[PDB]
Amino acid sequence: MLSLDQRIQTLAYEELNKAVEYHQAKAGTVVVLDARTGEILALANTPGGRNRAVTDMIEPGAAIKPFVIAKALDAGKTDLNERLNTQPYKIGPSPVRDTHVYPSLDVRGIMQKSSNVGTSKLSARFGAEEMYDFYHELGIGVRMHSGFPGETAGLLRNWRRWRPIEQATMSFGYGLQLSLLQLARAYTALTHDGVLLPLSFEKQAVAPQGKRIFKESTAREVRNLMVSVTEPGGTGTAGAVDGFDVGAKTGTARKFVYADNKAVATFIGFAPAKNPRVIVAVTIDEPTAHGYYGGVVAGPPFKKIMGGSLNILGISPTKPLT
């Protein structure tokens, strides 16, 4: 009747509490979607006061980067061969920096290493109004109308109020806010070959009519780029799943005072990367023990939830098991 798959939800709820307790976090959330139909297979929240996946508005941090890269590729403002100067720079007083000083990176490196500089430079190739409409067409600031009271629209500030630094920080996930469900929805544009899905709490006999945001070719090429995140040399190797190519993104969103230690560890990805079937999104709110970063904190729960979901759904491994 409903789209909930109890086998996946119980797996997700248990793996979530495991991670939340181990790292002594304030809260956590997991979303599992059918990557081809948008059916919500699992929605787990801890300490399960409210449905945080739908209600809690967060700055996504680095999790939004693949959409800026996809947009730059879709419109032809960059390509897969271009190497971008990724030295840290400033816009007036405000700095734009990565964790490491990379002299140059292509779009694959920007995804792989999670480069704020590279992503902001690609975004700066669009006008403020262009990015505003892009973010709004991704559903940022658009209510899900899931039915749960306390649902949030999200925050997308009017483009006319954007300072140049603010457009830059939005490109790597600060200055706009959305729920984990909204963020998981947006990734259907990458898995469903450029077509954004509306999501559904009930079973779907066929994928509903979505809305195209990217060319099919753009979505496929971006998916390949994101597999470098879980492969050695990427920030999300802790989310690799045995027997699959996993395209994913990690982020450590910082919170208001931006604090250097209070942060929401995020890990979101899909598999099988080339022909995705499952989206898994994990957020761990304010971990205080055994790590800080989305990769190390939310990676392991993603790994087990993704691998179990693929197994539960009977998805054949693409590579030999180890």
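Numbering starts at 1 and runs along the sequence shown.
Chemist: Please classify the unmodelled stretch of the deposited sequence between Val257 and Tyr258: none, 1 to 3, 4 to 9, or 10 or more residues.
Modeler: The entry has a short gap there, with 1 to 3 residues left out between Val257 and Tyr258.
Chemist: Averaging the C-alpha B factors as listed in the entry, name the stretch that ends up higher: 112 to 120 or 235 to 243.
Modeler: The deposited B-factors put 235 to 243 ahead on the C-alpha mean.
Chemist: Regarding 93 to 101 and 134 to 142, which shows the higher C-alpha temperature factor on average in the entry?
Modeler: If you average the C-alpha B-factors of 93 to 101 and of 134 to 142, the larger mean comes out for 93 to 101.
Chemist: Just grab whichever of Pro60, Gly295, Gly269, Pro47 has the top CA B-factor as deposited.
Modeler: Going by the entry's C-alpha B-factors, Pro47 comes out highest.
Chemist: For the listed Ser228, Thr188, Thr218, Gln167, which has the peak Cα B-factor recorded in the PDB entry?
Modeler: By C-alpha B-factor in the record, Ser228 ranks first.
Chemist: Where does the C-alpha B-factor of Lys211 rank in its chain, lowest, middle or highest third?
Modeler: Lowest third.
Chemist: Compared with the other modelled residues in the chain, in which third is the CA B-factor of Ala42?
Modeler: CA B-factor rank for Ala42: middle third.
Chemist: Lowest, middle or highest third of the chain for the C-alpha temperature factor of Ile284?
Modeler: It belongs to the middle third of the chain when residues are ordered by C-alpha B-factor.
Chemist: Lowest, middle or highest third: where is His290 by C-alpha B factor in its chain?
Modeler: Top third by C-alpha B-factor.
Chemist: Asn158's Cα B-factor: lowest, middle or highest third of the chain?
Modeler: Lowest third, going by the recorded CA B-factors of the chain.
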